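Given next, in structure tokens, is a single chain: the form deposited in one PDB entry.
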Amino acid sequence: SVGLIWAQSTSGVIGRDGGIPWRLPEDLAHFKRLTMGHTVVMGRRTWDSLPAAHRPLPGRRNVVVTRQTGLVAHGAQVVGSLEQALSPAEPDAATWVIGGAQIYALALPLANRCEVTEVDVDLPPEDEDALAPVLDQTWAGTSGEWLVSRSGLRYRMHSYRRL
């Protein structure tokens, strides 16, 4: 089982200036609950984007997809392709692909699940933004209710499964 998990603005932005252009504690907790104890696979730019306190993601096996021989920043297992990242795999549990846009594009054809947090923050897409992948007719989804964060932003979760 391969799942993609991401947070996006309503406009579809996932990344800007090497980071995430909002702060949503409730999404961080959701992401931690879904991924704890599992393998997380990410692109190398996302690895380098993590705040140092959070790299590697504690309690998870951190796999980083790169074309380089290895990385200066410690704590990852490097692989040269998504296929190498995914096999061997943890039994009875998802491997989670946690970004960014390039790695989501590689993983989308292989995935069985997508877990999306939508953040109602007004962020018109800018030229260099990383955007969320678009889901085609092979996906069926359900959506939770709109929630209000302690910081005032409205957000909600969408969950998709391959038909």
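Numbers follow the displayed sequence, beginning with 1. By rigid core we mean the largest C-alpha set that fits within 1.5 Å across both forms.
Subject >> residue 91 not built in a third or more of the other entries >> reply: yes, residue 91 frequently unmodelled elsewhere, at least a third of entries.
Original post:
Which of the two stretches, 39-47 or 102-110, shows the higher mean Cα temperature factor in the record?
Top reply: The recorded data point to 102-110.
Original post:
Hey, which bit's got the bigger mean C-alpha B factor in the entry, 115-123 or 90-98?
Top reply: According to the entry, 90-98 carries the higher average C-alpha B-factor.
Original post:
Highest Cα B-factor in the PDB entry belongs to which of 132, 34, 63, 52?
Top reply: That would be 52, according to the entry.
Original post:
Quick one: which of 15, 141, 12, 144 has the biggest Cα B-factor according to the entry?
Top reply: Comparing C-alpha B-factors across 15, 141, 12, 144, the top value belongs to 141.
Original post:
Of the three thirds of its chain by CA temperature factor, lowest, middle or highest, which one includes residue 79?
Top reply: Tercile = lowest for this residue's CA B-factor.
The form deposited in another entry exists for this protein as well; it is not shown, and the discussion that follows is about that form.
Subject >> Is_shifted residue 59 between this form and the one not shown (CA, 2 Å cut-off, rigid core) >> reply: No, residue 59 moves less than 2 Å.
**OP:** Examine residue 70 after superposing the rigid core and state whether its CA is displaced by 2 Å or more between this form and the one not shown.
**Re:** Moves: yes, 2 Å or greater.
Original post:
Are residue 72 and residue 80 closer or farther apart at their Cα atoms in the other entry than shown, with the shift being 3 Å or more?
Top reply: Relative to this form, closer in the other entry.
Original post:
Knowing the Cα distance between residue 90 and residue 96 changes 3 Å or more in the other entry, does it shrink or grow relative to here?
Top reply: The answer is farther, because the C-alphas of residue 90 and residue 96 separate from each other in the other entry by 3 Å or more.
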